[PDB]
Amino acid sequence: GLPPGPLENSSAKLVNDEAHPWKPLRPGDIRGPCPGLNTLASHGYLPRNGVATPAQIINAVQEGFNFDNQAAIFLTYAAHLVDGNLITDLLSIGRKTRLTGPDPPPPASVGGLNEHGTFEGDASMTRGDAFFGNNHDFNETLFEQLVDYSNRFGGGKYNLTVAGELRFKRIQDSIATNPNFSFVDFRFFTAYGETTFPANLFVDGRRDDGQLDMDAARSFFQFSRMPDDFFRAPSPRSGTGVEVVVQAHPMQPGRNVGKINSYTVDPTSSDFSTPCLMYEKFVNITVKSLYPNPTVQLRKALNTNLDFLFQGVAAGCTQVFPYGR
């Protein structure tokens, strides 16, 4: 379907309401590396089995959290292009599943959001790097580090100051321990934005003060659960304040080169000075590598979802056409 538009009414309101109760997982229910989508599935803003259409995801992040429309469109269609089934229009918010339908031919993976190196990547705050065996489940040791950083830099709350320090710590931990650490292009951008999301979207909208308490943080990150009486943010937003996180410890895009402590800058990578390059490489390299020579029906679905992706791209970038117009 067409990408949903912005909310008609973006006021703060109770989103942990009678129509959207938290429920535990049933056998087969999928949760993944994103605490936002996980919480929306566990409150029935998304299908509770964790398999959704792009339009369901965009409507859920707007209605449940007041995620802004352009951000919702960009992230949802990026995820769907690399991890979703373009013919059935279904995406898993976690593991690969037969529930997204018959797979396209290799080298397309349709691996769900758990697929490493498409959307998901290294130096996550509460999830381990894929090299360590699990890129999707809540990790208590990593969450306790988030609590420690909140105690040291946030007066016991998670805020953008904490985000700036923790983002850098996770990068340094990956450089020191993950010989395959990758921090370029799409992951370089999204890794910084994601650290603002708890301060911008997990804070009760009646306060909207950017100070996330650790009880609320655990409820979202571990249990995919809104606090009792949770109000969504009082206006549409996503990554506002990402400039604070970058400014704390400015990094160049790069990777470990098959050994720990070998972080090598990639001059072919996009960085925050070249946001349009990040979009162009995502389409021309990442998407194209999954679908190098698609059949007629796949080509049509790709071009449709690429048009939708471009709706989410900041004004001033040129649309690219890997399969023609």
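Start at 1 with the first residue shown and count on from there.
For the pair 63-71 and 287-295, the mean B factor over Cα atoms is greater in 287-295. If you average the C-alpha B-factors over 101-109 and over 200-208, the higher value belongs to 101-109. Which of 124, 88, 92, 252 has the largest Cα B-factor in the deposited entry comes down to 88.
Residue 83: CA B factor lies in the lowest third for its chain, per the PDB record.
In the PDB entry, a CA B factor belonging to the middle third of its chain's modelled residues is recorded for residue 48. When the modelled residues of the chain are ordered by their C-alpha B factor, residue 225 lands in the middle third.
Per-chain ranking of the deposited C-alpha B factor places residue 278 in the highest third.
When the modelled residues of the chain are ordered by their C-alpha B factor, residue 144 lands in the middle third.
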